[PDB]
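Trainee: below: the sequence, then the experimentally determined structure.
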Amino acid sequence: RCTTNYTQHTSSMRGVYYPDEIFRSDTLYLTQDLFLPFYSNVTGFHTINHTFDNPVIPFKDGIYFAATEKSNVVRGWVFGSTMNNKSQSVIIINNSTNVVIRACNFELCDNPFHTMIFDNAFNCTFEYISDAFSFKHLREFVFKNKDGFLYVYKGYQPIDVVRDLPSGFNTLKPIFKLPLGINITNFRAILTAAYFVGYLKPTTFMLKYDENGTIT
Amino acid sequence: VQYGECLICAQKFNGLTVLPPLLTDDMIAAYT
Amino acid sequence: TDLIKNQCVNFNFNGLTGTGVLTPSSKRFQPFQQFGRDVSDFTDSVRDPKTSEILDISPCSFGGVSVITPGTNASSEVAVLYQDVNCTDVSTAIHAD
Ligand SMILES: *[C@@H]1O[C@H](CO)[C@@H](O[C@@H]2O[C@H](CO)[C@@H](O[C@@H]3O[C@H](CO)[C@@H](O)[C@H](O)[C@@H]3O)[C@H](O)[C@H]2NC(C)=O)[C@H](O)[C@H]1NC(C)=O
Ligand SMILES: *[C@@H]1O[C@H](CO)[C@@H](O[C@@H]2O[C@H](CO)[C@@H](O[C@@H]3O[C@H](CO)[C@@H](O)[C@H](O)[C@@H]3O)[C@H](O)[C@H]2NC(C)=O)[C@H](O)[C@H]1NC(C)=O
Ligand SMILES: *[C@@H]1O[C@H](CO)[C@@H](O[C@@H]2O[C@H](CO)[C@@H](O[C@@H]3O[C@H](CO)[C@@H](O)[C@H](O)[C@@H]3O)[C@H](O)[C@H]2NC(C)=O)[C@H](O)[C@H]1NC(C)=O
Ligand SMILES: *[C@@H]1O[C@H](CO)[C@@H](O[C@@H]2O[C@H](CO)[C@@H](O[C@@H]3O[C@H](CO)[C@@H](O)[C@H](O)[C@@H]3O)[C@H](O)[C@H]2NC(C)=O)[C@H](O)[C@H]1NC(C)=O
Ligand SMILES: *[C@@H]1O[C@H](CO)[C@@H](O[C@@H]2O[C@H](CO)[C@@H](O)[C@H](O)[C@H]2NC(C)=O)[C@H](O)[C@H]1NC(C)=O
Ligand SMILES: *[C@@H]1O[C@H](CO)[C@@H](O)[C@H](O)[C@H]1NC(C)=O
Ligand SMILES: *[C@@H]1O[C@H](CO)[C@@H](O)[C@H](O)[C@H]1NC(C)=O
Ligand SMILES: *[C@@H]1O[C@H](CO)[C@@H](O)[C@H](O)[C@H]1NC(C)=O
Ligand SMILES: *[C@@H]1O[C@H](CO)[C@@H](O)[C@H](O)[C@H]1NC(C)=O
Ligand SMILES: *[C@@H]1O[C@H](CO)[C@@H](O)[C@H](O)[C@H]1NC(C)=O
């Protein structure tokens, strides 16, 4: 079934991630990829009282996502094209005990949030469920499209902020490379807080690798 | 006041190396 | 096949091939790193796909070889110099051609 502010901020030096699975040590490496530009314009979204931001947001071949939580309001995302059962789309959620990823022709809820994401799923081409499991926290993600794959990075740090997104930096680590084979041009956030969306650009960066091969 | 060298020895896959001089620093010091 | 270490071998890892000498290493690989590289664009080390052990890859000894002679009008004799090589390996590879 289905039941139915764009504040701008600064990206600081966030949105950095490990571009490849190659080990390096004590060196400066210059490259170019879809990274979040420094001090870019980041769009904030909120879930406060009666107002819940869950619009369809353009993907533009890759986005930056972050969220500040104290109650795990944000559960997941939907990525796809027409965002309906006309074609393929992928639902990526924290299902409260497992992470569940499915790519199907989903009959999505217009105002998703009991798991109220879709009523039906047809022509499923991909399914995955992670191992079982059971503001204060900043969660960071990077989503990129490459050769039919959705590349996902993840990171985390402790926070103490009310509305803003604290300045600093963090290198994210890869978590998924999903062989979805689907057209992602748009996406929506799945809510049960505040979150932020930026956009990635093919920008040249010089990365400083420390002794243990980490980026500092 | 890269390439193959030896002090134990080591080599690189780039085919490059540097050879030692006939006269070492101590020999030069002796002349001076 | 089993790992053959501390000698020049022809290796084939799942995604990395070539020749050289395999030795154990302590390179601090991340949970999402399969192999590493040197400062220059060459493979440094690989994590073994079966055991998850990490070994460095060294080049097989090579270099210039020169001959030292008196004139041929004086005598017929020669000494051979192998640039940049430990005589222990030179000798070994002569007996074990
Ligand atoms: C995605 O799934 C939804 C399922 O609700 C499809 O929308 C539904 O399409 C049918 C056919 O045009 C609409 O009419 C229905 O026809 C049956 C025929 O017996 C009738 O029993 C129903 O009472 C109704 O008249 C139905 O109203 C419509 N649903 C809604 C909410 O409008 C939708 O077309 C699917 N999308 C694609 C691309 O297939
Ligand atoms: C990445 O490499 C750094 C090397 O700087 C590692 O950090 C260092 O790890 C040692 C081991 O616990 C830390 O404790 C040291 O123990 C010796 C024992 O005698 C003591 O003399 C030192 O004063 C110190 O207590 C050391 O503080 C630590 N240094 C830093 C800056 O954290 C690091 O653990 C490596 N990372 C990984 C994941 O291996
Ligand atoms: C040519 O190769 C031979 C054989 O590898 C070298 O002789 C060896 O030299 C090492 C010093 O680097 C000697 O000491 C060893 O040190 C390591 C350090 O951890 C230790 O684990 C060993 O137990 C040992 O103490 C080693 O005894 C010595 N081997 C023999 C049979 O004498 C030789 O130096 C090399 N020459 C050049 C120019 O590289
Ligand atoms: C690749 O598959 C082989 C299949 O045998 C694995 O070999 C064995 O893996 C265990 C797990 O680490 C090794 O450690 C053993 O752990 C038990 C824990 O109670 C302990 O009782 C044993 O004495 C031992 O420590 C075991 O030595 C190892 N055997 C051999 C011959 O290598 C191998 O670990 C698998 N590789 C990976 C990366 O999982
Ligand atoms: C949320 O995750 C749970 C646990 O993985 C899903 O429930 C399981 O569904 C499988 C079938 O796919 C069953 O065999 C398990 O016994 C179920 N376990 C439990 C605890 O129910 C659950 O369906 C997921 N929810 C959604 C909407 O996907
Ligand atoms: C909320 O949106 C309006 C739209 O024009 C904008 O002017 C306002 O500054 C936004 N709020 C904040 C805190 O930026
Ligand atoms: C970035 O956001 C500020 C907010 O006032 C705006 O004035 C500026 O033009 C924006 N820059 C771009 C490139 O959108
Ligand atoms: C399923 O997808 C294939 C192409 O990937 C398409 O030809 C087929 O008609 C689809 N089936 C449904 C029910 O949409
Ligand atoms: C994705 O949808 C857009 C919508 O216009 C289309 O132009 C694009 O070619 C599609 N990509 C693929 C791979 O189908
Ligand atoms: C060179 O050849 C001549 C030919 O008779 C010989 O007499 C001379 O001694 C030779 N030089 C040397 C160094 O042996």
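Mentor: Done, it's in. Numbers count the residues shown, from 1 in each chain, chains lettered A, B, ... in the order given. Ligands and ions are numbered 1, 2, ... in the order given.

Trainee: give me the contacts around stretch C:82-89.
Mentor: The contact list for stretch C:82-89, computed with CB atoms under 8 Å, 6 or more residues apart in numbering or on different chains, reads B:4-6, B:9, B:11, B:17, B:19, C:61, C:63-66, C:90. For the C-beta atoms, the positions are set from N, CA and C on the backbone; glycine is no exception.

Trainee: do that again at 10 Å, thanks
Mentor: Contacts to stretch C:82-89, defined as CB atoms under 10 Å, 6 or more residues apart in numbering or on different chains, come from residues B:4-6, B:8-11, B:17-20, C:8, C:60-66, C:90, C:92-93.

Trainee: in helices, which of these fall?
Mentor: C:90, C:92, C:93 (DSSP state H).

Trainee: between those, which is closest to ligand 1?
Mentor: Checking the ones in helices among the contacts of stretch C:82-89 against ligand 1 with CB to the nearest ligand atom, the nearest one is residue C:93 at 71.6 Å.

Trainee: and the residue in chain C that ligand 4 sits nearest to, which of the three is it?
Mentor: Nearest to ligand 4 in chain C, going by CB to the nearest ligand atom, is residue C:52, at a distance of 3.8 Å. Secondary structure, DSSP: H, G, I helix; E, B strand; the rest coil: residue C:52 is coil.

Trainee: show me what contacts it?
Mentor: Neighbours of residue C:52 in contact, by CB under 10 Å, 6+ apart: residue C:29.

Trainee: also residue A:33?
Mentor: A:17, A:19, A:20, A:62, A:144, A:200, A:201, A:202, A:203, A:204, A:205.

Trainee: please name the bridge partners of it.
Mentor: Note on residue A:33: beta-bridge partners residue A:203, judged by DSSP bridges.

Trainee: and it, how far is that from residue A:12?
Mentor: Look at residue A:33 and residue A:12: by CB to CB, to the nearest Å, they are 19 Å apart.

Trainee: roughly how far apart are the residue sitting furthest away from the middle of chain A and residue A:12?
Mentor: Most distant from the centre of chain A: residue A:26, at 30.0 Å, with distances by CA atoms, centre = their mean. As judged by CB to CB, residue A:26 and residue A:12 stand 26 Å apart.

Trainee: for residue C:84, same thing?
Mentor: Distance, residue C:84 to residue A:12, using CB to CB: 50 Å.

Trainee: ok so, going back, got the ones in helices among the contacts of stretch C:82-89 as JSON lines, with neighbour count and distance to residue A:176 columns?
Mentor: Shown next, in JSON lines, are the ones in helices among the contacts of stretch C:82-89 (neighbours: other CB atoms under 10 Å in any protein chain shown; distance: CB to CB, whole Å):
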{"residue": "C:90", "neighbour count": "13", "distance to residue A:176": "52"}
{"residue": "C:92", "neighbour count": "11", "distance to residue A:176": "49"}
{"residue": "C:93", "neighbour count": "13", "distance to residue A:176": "49"}
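
Trainee: and which of the residues you listed is nearest ligand 10?
Mentor: residue C:90 (31.0 Å).

Trainee: now do the contacts for the closest one.
Mentor: C:61, C:65, C:80, C:82.

Trainee: at 7 Å what do you get?
Mentor: residue C:82 (CB atoms under 7 Å, 6 or more residues apart in numbering or on different chains).

Trainee: again, but for residue B:14
Mentor: Here residue B:14 is in contact with residue C:40 (CB under 7 Å, 6+ apart).

Trainee: please apply the same query to the one 10 residues further on.
Mentor: Contacts of residue B:24 were listed using CB under 7 Å, 6+ apart, and none were found.

Trainee: that one and ligand 3: what is the separation?
Mentor: According to CB to the nearest ligand atom, to the nearest Å, residue B:24 stands 16 Å off from ligand 3.
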